[PDB]
Amino acid sequence: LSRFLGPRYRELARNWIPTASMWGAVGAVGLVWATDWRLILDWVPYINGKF
Amino acid sequence: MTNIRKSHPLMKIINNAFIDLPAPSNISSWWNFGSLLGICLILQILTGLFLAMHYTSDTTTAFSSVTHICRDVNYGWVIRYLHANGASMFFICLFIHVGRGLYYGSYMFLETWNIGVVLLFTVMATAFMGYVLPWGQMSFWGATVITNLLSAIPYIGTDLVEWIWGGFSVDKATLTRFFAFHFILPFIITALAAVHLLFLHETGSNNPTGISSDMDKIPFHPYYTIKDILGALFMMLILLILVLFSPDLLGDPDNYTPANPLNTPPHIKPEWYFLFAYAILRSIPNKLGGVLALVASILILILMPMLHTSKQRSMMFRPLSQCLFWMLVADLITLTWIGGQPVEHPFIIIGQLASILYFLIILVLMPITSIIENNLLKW
Amino acid sequence: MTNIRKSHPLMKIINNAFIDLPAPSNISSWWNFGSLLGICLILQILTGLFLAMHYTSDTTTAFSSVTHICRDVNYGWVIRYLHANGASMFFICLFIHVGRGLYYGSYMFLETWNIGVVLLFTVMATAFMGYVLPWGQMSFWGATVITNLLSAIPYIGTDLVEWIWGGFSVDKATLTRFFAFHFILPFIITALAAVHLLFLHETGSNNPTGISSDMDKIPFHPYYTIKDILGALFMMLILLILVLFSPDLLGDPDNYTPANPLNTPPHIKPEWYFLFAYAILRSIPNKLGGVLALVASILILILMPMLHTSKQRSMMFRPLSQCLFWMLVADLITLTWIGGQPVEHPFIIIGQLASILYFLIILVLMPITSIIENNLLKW
Amino acid sequence: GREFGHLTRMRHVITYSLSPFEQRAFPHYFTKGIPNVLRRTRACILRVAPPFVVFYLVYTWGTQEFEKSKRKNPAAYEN
Amino acid sequence: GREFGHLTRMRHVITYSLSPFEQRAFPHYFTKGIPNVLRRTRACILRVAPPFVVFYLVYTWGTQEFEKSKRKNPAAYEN
Amino acid sequence: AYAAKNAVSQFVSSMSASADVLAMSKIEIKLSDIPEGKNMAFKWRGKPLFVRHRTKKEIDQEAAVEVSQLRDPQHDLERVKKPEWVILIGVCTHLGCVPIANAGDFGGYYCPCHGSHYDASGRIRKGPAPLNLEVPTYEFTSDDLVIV
Amino acid sequence: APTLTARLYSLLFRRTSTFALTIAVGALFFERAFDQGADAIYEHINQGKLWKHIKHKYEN
Amino acid sequence: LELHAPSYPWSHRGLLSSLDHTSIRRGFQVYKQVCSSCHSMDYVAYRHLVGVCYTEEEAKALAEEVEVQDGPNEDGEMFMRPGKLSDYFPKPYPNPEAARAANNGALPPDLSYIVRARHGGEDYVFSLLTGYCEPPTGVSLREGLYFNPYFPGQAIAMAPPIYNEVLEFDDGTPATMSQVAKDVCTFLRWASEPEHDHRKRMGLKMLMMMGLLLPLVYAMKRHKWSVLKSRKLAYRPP
Amino acid sequence: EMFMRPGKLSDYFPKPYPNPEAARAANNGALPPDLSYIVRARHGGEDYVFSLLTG
Ligand code: HEC
Ligand code: HEM
Ligand code: HEM
Ligand code: HEM
Ligand code: HEM
Ligand code: FES
């Protein structure tokens with residue numbers, strides 16, 4: 001994978017890191033909401049009113 | 001470089017089937033039901049699977065297992081009544097789809113029409129055995145009557161009936177046979193539906209005008225994906241109404257008593273989607289004649305493409321043919337209503353007349369009327 | 001005019017799949033097993049279906065129903081032992097197929113190889129759930145151990161294992177869930193096998209030489225249909241030998257006692273086609289480490305294509321790689337034997353060494369040996 | 001097979017369109033739909049309704065006749 | 001895509017065949033088959049067998065060692 | 001997303017423990033039905049549950065066990081609430097086999113699958129078992145009744 | 001003077017990742033609020049009939 | 001000829017109306033004190049009352065009030081146990097033949113699904129219980145049969161089970177025949193459909209969600225199809 | 001009321017005890033195993049049964 005070791009690829013990673021972080025946040029929020037984890041949802045102000 | 005959606009094999013199949021498929025732009029809401037059928041099928045599998053995780057096909061535990069599903073399993077009632085009413089929704093969509101095919105001359109797709117007839121028979125068998133599964137009074141006695149119909153076959157009727165029964169009558173053997181067959185058949189239905197779409201995509205879809213629409217084709221995805229999603233949402237609304245406000249509307253109360261081989265229920269009738277055929281079966285006093293009429297009632301769809309005599313494909317431009325079609329639909333409603341009703345003085349004669357009218361309209365009246373329309377149009 | 005075989009849609013698919021498919025002229029008998037697998041699958045679908053006509057998935061009627069199949073159902077023992085030994089034949093053919101893929105570099109078909117790995121996982125799950133259906137001592141306790149393995153998953157292990165159990169342990173809920181999943185999964189296996197063949201036919205088939213054989217392609221039908229028929233006949237000979245002369249050769253006798261949750265059998269071990277994995281599972285003292293090693297022992301097939309450091313595809317012209325491959329095969333046999341054996345002084349150390357050798361050969365020794373071979377040929 | 005590249009030969013047909021974000025989803029929804037719905041209903045009513053009217057008449061007559069048949073006949077008990 | 005007619009380019013290769021009804025299905029089955037089998041066996045026996053021979057040795061030792069372990073130890077019961 | 005989450009959650013929940021299974025989560029054991037020096041096995045949570053009416057001699061010997069000389073340091077007094085009653089889950093810690101009562105060298109339990117030896121308090125004494133038999137949570141509602 | 005919808009598009013809907021994050025957060029909060037409101041409506045309609053409305057008379 | 005039951009204005013016949021759990025409690029008292037002697041509810045357990053009409057301790061007290069046969073003991077013979085909320089409602093008779101022998105050859109049906117097993121449901125049950133009448137002229141009833149116009153055949157083997165002050169309600173409600181019949185029919189409706197209130201709540205939620213979604217998905221479809229529905233096509237031959 | 005009848009071919013071989021607890025009580029706490037599959041449920045089969053009986 002040495003082909004992908006270059007300044008252009010580091011620039012690409014810089015460009016797509018915000019998008020990857022946003023998608024990771026989307027995945028985390030979706031997982032917490034779907035599973036009703038309640039380990040994280042206890043901290044959310046209005047949601048923790050439930051249970 | 002290339003486009004994955006157009007080059008990858010599975011992506012090629014999916015794109016050519018559901019994404020880039022050229023679709024007529026004028027197809028109405030009556031073309032949604034096809035996709036609806038698929039949805040129903042998928043539902044009838046998913047829901048069905050989650051019923052098999054708790055159902056046990058034993059005469060000593062089948063009814064108790066169903067009560068356990070509807071009493072103890074978390075949201076088991078939701079799943080059970082979704083299954084029960086989804087079968088009725090499946091048959092509603094099937095009837096509407098066959099009506100759409102008859103009206104707009106979609107039967108000219110011979111291979112698609114024949115695979116559809118096979119699908120209809122397979123779905124009817126699956127629903128029959130699935131209804132036998134709960135092992136209530138209605139299930140047991142409807143199975144008894146429907147299977148006993150096969151005894152009318154000459155010289156092999158008794159042997160065939162006792163082979164299907166797995167014994168001398170409907171009993172535990174028959175219940176387990178029906179559970180296995182009911183489990184396995186929907187996957188054969190999915191394979192047949194895949195073949196059905198394969199045959200349909202060979203020539204594209206029809207349209208209300210009955211005229212080739214190659215000059216006006218649109219990508220299937222952006223328009224008909226959302227249109228079919230809206231149709232599925234409406235179907236889900238109707239189904240959820242039936243499952244959350246009248247879960248027992250289309251069922252029969254006598255199926256909530258455990259099967260009693262020594263005591264027939266007050267009335268023995270099948271599920272509503274079979275009643276019309278049942279009605280035809282009761283028109284003929286002869287048992288073999290009744291069975292033959294029942295089979296022909298569905299096999300007439302095979303003859304439908306050959307009976308087409310009009311120069312135009314769709315009925316959109318044939319008012320007399322439209323009147324005949326709506327007479328046929330009202331006749332089918334009459335047959336269903338009578339199949340619900342007992343065998344008494346007015347119902348017998350009305351059912352005989354209705355069956356005669358059904359066969360007359362499909363066989364005699366429609367081709368003659370189409371020829372009359374052709375002569376009126378000077379061709 | 002045209003040719004119906006080469007024009008009709010379904011006929012087009014069949015002709016391009018099994019009739020006019022260009023196939024290498026030199027593929028040995030090791031290429032039969034693929035078709036054999038399909039045969040086995042179909043058999044398991046047919047035979048199993050006929051077992052589902054008499055089997056009930058209730059703990060109070062599971063073992064009794066199996067004995068009813070074996071004693072009362074006409075030729076029921078034939079079908080039951082056909083199923084039991086056909087699972088073993090399926091796994092023999094699967095292992096030989098994977099060995100053929102490894103030896104002849106068939107994993108260079110990335111999509112085909114990955115679909116094959118998914119198929120292997122699905123078939124293993126299907127067989128594991130099916131072995132629980134008789135509800136014998138071995139079925140219950142092997143299910144107990146294998147499912148309890150899932151409890152080693154951190155955080156969500158207990159909730160996951162209890163969700164799969166349907167309760168607090170293996171009980172009627174688990175039995176019925178497993179029956180439903182066991183019924184449904186082989187159809188998913190058929191769909192995945194169809195996708196597998198779709199991916200394979202995109203690039204044709206490999207040959208023992210490992211060299212592209214487009215110059216020496218022959219029609220598939222007249223040659224490989226009869227060759228696969230002969231292979232299926234030989235496989236059927238072996239399977240019928242197992243069914244009719246040693247039906248209980250590959251099954252532990254302790255599964256013929258009804259499940260006793262309050263008493264463990266003298267020895268607990270899964271079926272032979274899992275023993276090797278079981279062996280690796282017991283090599284790691286840590287529970288989570290053992291489960292991870294078990295999963296990796298089969299996920300390593302995914303890594304296999306990426307570890308191919310040889311300039312030549314097939315091991316036919318790679319004697320050192322052949323030695324390593326046969327060391328791997330002997331190591332797998334050793335792992336199976338150790339998994340059969342109890343956990344005592346010599347068996348623990350031999351199993352640990354065997355697991356280390358398996359992972360070392362697949363991950364370290366094979367690529368280094370391939371590089372050395374490349375150097376020796378001055379590539 | 002049948003692909004957008006080659007379905008039919010058409011010449012000298014011009015189609016003008018608008019972006020979905022430049023046009024209203026429901027333009028004149030009621031003021032044009034209601035007359036159009038009325039037109040379609042007027043066109044299709046004479047073709048659709050009469051069979052169902054006949055069915056309803058038959059249904060009512062059959063129900064009435066069955067209910068009358070279930071009723072007692074006085075003439076059977078003259079003596 | 002993958003059909004007879006465009007798989008590869010081959011030139012100046014002449015192939016001679018025979019009808020299956022003009023030739024014997026088992027030509028020299030044993031006169032030439034048996035020597036050929038021995039050649040194939042000899043070429044592979046030193047690459048396939050040695051790994052399996054090691055397994056047999058390990059299997060025998062493990063079985064013997066397991067037996068010896070279960071055997072009574074006289075020294076343990078001394079005194 | 002709301003509708004899909006509700007549907008998927010309902011379908012998943014259908015696969016979890018049913019109402020009756022949860023109803024059978026904790027059981028009632030009448031101590032008067034267990035004679036002295038008898039280890040009774042009950043079907044609890046789908047697994048064997050051992051309730052032994054430990055005798056005075058057995059209580060004394062278990063109280064005399066050297067705590068530090070145990071693979072898992074435990075005390076009989078801290079292992080059980082009532083000295084004369086010991087309640088354990090009949091699942092060996094080694095792999096998960098069912099130990100047999102009064103079979104080991106220590107008079108307690110013996111897992112034959114490999115040979116684990118436990119005392120009358122469930123503490124591992126000999127064999128390959130890494131831990132002691134689990135003690136489920138329980139309380140004595142009355143003199144001769146216990147809920148686990 | 002951008003409108004509310006223009007602000008929404010510029011901040012959240014323009015980028016698909018932010019669009020999906022907004023959808024997920026909205027799904028969470030909408031589930032909470034909708035469940036609370038629907039439960040309130042249902043309990044008001046059946047006021048005095050549900051067990052939670054009469055349990056106090058039997059709780060200890 | 002048969003008589004169809006009237007449509008009584010039950011408090012649960014509303015589109016989103018639930019059951020009166022006080023009526024459910026009174027109907028359960030009626031069941032345990034009147035029809036439990038001959039009728040059975042196999043598919044209803046005491047644990048099913050915990051969240052409906054009795055608290056957990058009250059349900060335990062109800063369960064402990066009736067003895068239940070337990071599994072074999074050490075000697076291998078069955079014994080009796082005070083009972084627990086995991087048990088189902090006791091069977092008045094061991095087998096149906098005993099029930100027929102004790103009720104003049106008529107099997108008292110199981111009441112777990114009775115409202116769901118009879119046409120008319122709770123309406124039919126209420127009309128049957130309160131509909132007992134003196135047989136009209138010309139009706140000759142066999143021995144041990146009673147005239148109920150709503151029962152098919154009008155000759156029912158069940159003697160009128162309820163009457164004024166048949167049982168004394170714990171709630172203090174007057175024990176009129178109509179009140180007892182209404183309460184027991186409400187309880188039997190609960191038994192047939194133990195998910196009645198939850199089903200109504202889910203139906204309300206799904207109605208709200210569909211009313212929210214259908215216009216929205218319709219608007220999405222209109223947004224996508226606006227391109228075609230505004231499309232103007234012109235033909236320009238040379 | 002339950003009762004006893006002479007018996008017929010359709011009947012299976014009579015059980016010696018009503019329930020396994022009775023068998024254990026009558027056999028010093030040991031349950032006599034069912035012999036319908038005893039040869040097929042034991043390592044050795046008829047060989048094991050014969051050796052056990054005669055040894
Ligand atoms: C005297 C014993 C007895 C009592 C007490 C009793 N039942 Fe019954 N019940 C019977 C018998 C016997 C039948 C069936 C008679 C027949 O089928 O001819 C029956 C039938 C019924 C039926 C109608 C079944 C049908 O097929 O139409 C209902 C409803 C019913 N019982 C409910 C109740 C309710 C509610 C109560 C409490 C008010 C009750 N029973 C009390 C003995 C009893
Ligand atoms: C086209 C597909 C199907 C149709 C039309 C269909 C139809 C039916 C019907 C009408 C019933 C009667 C339910 C009732 O009256 O309570 C039923 C029951 C049942 N079906 Fe199917 N079914 C289909 C697919 C499946 C599948 C795929 C499975 C399993 C994988 C399945 C499993 C069951 C079970 C277990 C029952 C009994 C449970 C119950 O009755 O509540 N069904 N089916
Ligand atoms: C499980 C059963 C069925 C499934 C899953 C199914 C599926 C579909 C689908 C998805 C379509 C495309 C959408 C459409 O054109 O409306 C379609 C079209 C069609 N189907 Fe079906 N169908 C089923 C039953 C039937 C039956 C019973 C018939 C006829 C008796 C039939 C005949 C046709 C025809 C002729 C078309 C083409 C319609 C046209 O192009 O105008 N199908 N089907
Ligand atoms: C790849 C496909 C399959 C595999 C590998 C497989 C494997 C197995 C195995 C190993 C058993 C244990 C038999 C024994 O221990 O005696 C079994 C039992 C069973 N299988 Fe299959 N099976 C397959 C497909 C099916 C299908 C498609 C069905 C039903 C349509 C089915 C129905 C059953 C039933 C009912 C049993 C229990 C009957 C008995 O144990 O004798 N199986 N299966
Ligand atoms: C139910 C399971 C499976 C079925 C039904 C199946 C079926 C087949 C068939 C019919 C072929 C073509 C005939 C042949 O090449 O011998 C094939 C080829 C192949 N299979 Fe599978 N297979 C299965 C599992 C697997 C597994 C577990 C793997 C690998 C881990 C795999 C990898 C491959 C590969 C690489 C080929 C192409 C080999 C070549 O062309 O030289 N398959 N399979
Ligand atoms: S499994 Fe219990 S000591 Fe080995």
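We name chains A, B, ... by the order of the sequence lines, and we start the count at 1 in each one. Below, each value reflects all heavy atoms present in this structure, side chains not excepted, and no hydrogens, waters or symmetry copies.
In this structure, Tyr224(C) contributes its side chain and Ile218(C) its backbone to no donor-acceptor pair below 3.5 Å. At distances below 3.5 Å, at least one donor-acceptor pair connects side-chain atoms of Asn374(C) with backbone N or O atoms of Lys311(C). Using modelled atom types, no side-chain atom of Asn15(C) and backbone atom of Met11(C) make a donor-acceptor pair closer than 3.5 Å. Under a 3.5 Å cut-off, the side chain of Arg100(C) and the backbone N or O of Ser106(C) do not form any donor-acceptor pair. A donor-acceptor pair is defined here as one N or O able to donate and one able to accept, closer than 3.5 Å; such a pair exists between the side chain of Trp31(C) and the backbone of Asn206(C). Using a distance-only test at 3.5 Å, with no hydrogens or angles considered, no donor-acceptor pair links the side chain of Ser212(C) to the main chain of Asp214(C). Not a single donor-acceptor pair under 3.5 Å links the side chain of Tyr81(C) to the backbone N or O of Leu242(C). Under a 3.5 Å cut-off, the side chain of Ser297(C) and the backbone N or O of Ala293(C) do not form any donor-acceptor pair. Side-chain atoms of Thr122(C) do not come within 3.5 Å of backbone N or O of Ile189(C) as any donor-acceptor pair. Of the possible polar contacts, one joining the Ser314(C) side chain to the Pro208(C) backbone as a donor-acceptor pair under 3.5 Å is found.
Between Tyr29(E) and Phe26(E), the ring-plane angle classifies as perpendicular under the 30° and 60° cut-offs. Using cut-offs of 30° and 60° on the angle between ring planes, the pair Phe183(B) and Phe183(C) is parallel. Between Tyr103(C) and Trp326(C), the two ring planes are tilted [angle within 30° to 60°].
Centroid-to-centroid, the aromatic rings of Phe90(C) and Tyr273(C) stay 6.0 Å apart or farther. Ring pair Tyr55(C)/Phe179(C): centre-to-centre distance below 6.0 Å. Ring-centre distance between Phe66(E) and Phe347(C): below the 6.0 Å cut-off.
For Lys287(C), the NZ atom sits in a loose shell: 12 or fewer heavy atoms of surrounding residues, nucleotides or ligands are nearer than 6.0 Å. Residue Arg42(E) places its CZ atom among 12 or fewer non-hydrogen atoms of other residues, nucleotides or ligands, all under 6.0 Å distant. Residue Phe18(C) qualifies as open at atom CZ: its count of foreign heavy atoms under 6.0 Å is 12 or below. Within a 6.0 Å sphere centred on OH of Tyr223(C), heavy atoms belonging to other residues, nucleotides or ligands number 12 at most. When the shell of 6.0 Å around CZ of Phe4(E) is examined, it contains more than 12 heavy atoms from other residues, nucleotides or ligands.
When side chains are defined from C-beta on, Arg2(E) does not count as touching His201(C), because their heavy atoms never get closer than 4.5 Å. Within the 4.5 Å cutoff, the side chain of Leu175(C) has heavy atoms near those of the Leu133(C) side chain. In this structure, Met53(C) and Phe50(C) have side chains that are in contact, with non-hydrogen atoms separated by less than 4.5 Å. Annotation: side chain of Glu373(C) is in contact with side chain of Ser321(C) (closest heavy-atom distance under 4.5 Å). Residues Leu328(C) and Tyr358(C) have side chains in contact (heavy-atom distance under 4.5 Å, counting atoms from C-beta outward). You'll find the side chain of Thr369(C) stays beyond 4.5 Å of the side chain of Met366(C), heavy atoms only. Residues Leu335(C) and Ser355(C) are in side-chain contact: their nearest non-hydrogen atoms beyond the backbone lie under 4.5 Å apart. Two residues are said to be in side-chain contact when any heavy atoms from C-beta on lie closer than 4.5 Å; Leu353(C) and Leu357(C) fail this criterion.
Shown here for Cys70(C) and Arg40(I), the closest heavy-atom pair between the two residues is SG-NH1, 4.1 Å. Closest approach of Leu240(C) to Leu82(C), counting heavy atoms only: CD2-CD2, 4.3 Å. Of all heavy-atom pairs spanning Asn32(C) and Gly231(C), the tightest one is ND2-CA, 3.9 Å. The shortest heavy-atom contact between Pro24(C) and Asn207(C) is CB-CB, 4.0 Å. Across all non-hydrogen atoms, the minimal contact from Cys93(C) to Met235(C) is SG-SD, 4.5 Å. The minimum heavy-atom distance between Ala152(C) and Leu288(C), with the atom names listed, is O-CD1, 3.7 Å.
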(message) Evaluate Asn36(E) against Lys32(E) for side-chain contact (heavy atoms from CB on, under 4.5 Å), listing each step before the verdict.
(response) CA-CA 6 Å; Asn36(E) 183 62; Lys32(E) 303 181 187 300; over 6 Å; no
(request) Could you walk me through whether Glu202(C) and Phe109(C) pass the side-chain contact (heavy atoms from CB on, under 4.5 Å) test, one step at a time? (result) CA-CA 10 Å; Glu202(C) 201 74 15; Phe109(C) 301 149; over 6 Å; no
(request) Any chance you could lay out the side-chain contact (heavy atoms from CB on, under 4.5 Å) test for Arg282(C) and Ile338(C), step after step, and finish with the verdict? (result) CA-CA 10 Å; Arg282(C) 299 188 314 191; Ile338(C) 290 162; 4.2 Å; yes
(message) side-chain contact (heavy atoms from CB on, under 4.5 Å), that's the test. Do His267(C) and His43(I) meet it? Break it down for me.
(response) CA-CA 11 Å; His267(C) 67 303; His43(I) 291 255; 3.3 Å; yes
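Separation of atoms CD1 (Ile45(C)) and CD1 (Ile184(B)) is listed at 7.5 Å; rounding is to 0.5 Å. Separating the CG atom in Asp254(C) from the CD1 atom in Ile268(C) is a distance of 9.5 Å, to the nearest 0.5 Å. The CG atom of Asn85(C) lies 11.5 Å from the CD1 atom of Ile241(C); values are rounded to the nearest 0.5 Å. Within the model, atoms CG of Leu365(C) and CG of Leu360(C) stand 4.0 Å from one another, a figure rounded to the nearest 0.5 Å. We find the CD1-CD1 distance between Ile300(C) and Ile361(C) to be 12.5 Å, quoted to the nearest 0.5 Å. Taking OG1 from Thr126(C) and CG from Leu41(C), the interatomic distance works out to 9.0 Å, rounded to the nearest 0.5 Å.
The only member of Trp272(C), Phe128(C), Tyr131(C), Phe274(C) that meets ring-ring contact (aromatic ring centres under 6.0 Å, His included) when paired with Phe91(C) is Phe274(C). Checking each of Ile42(C), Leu49(C), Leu43(C) against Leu46(C) for a side-chain contact (heavy atoms from CB on, under 4.5 Å) leaves exactly one that passes, namely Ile42(C).
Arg80(C) and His83(C) share no side-chain donor-acceptor pair at under 3.5 Å.
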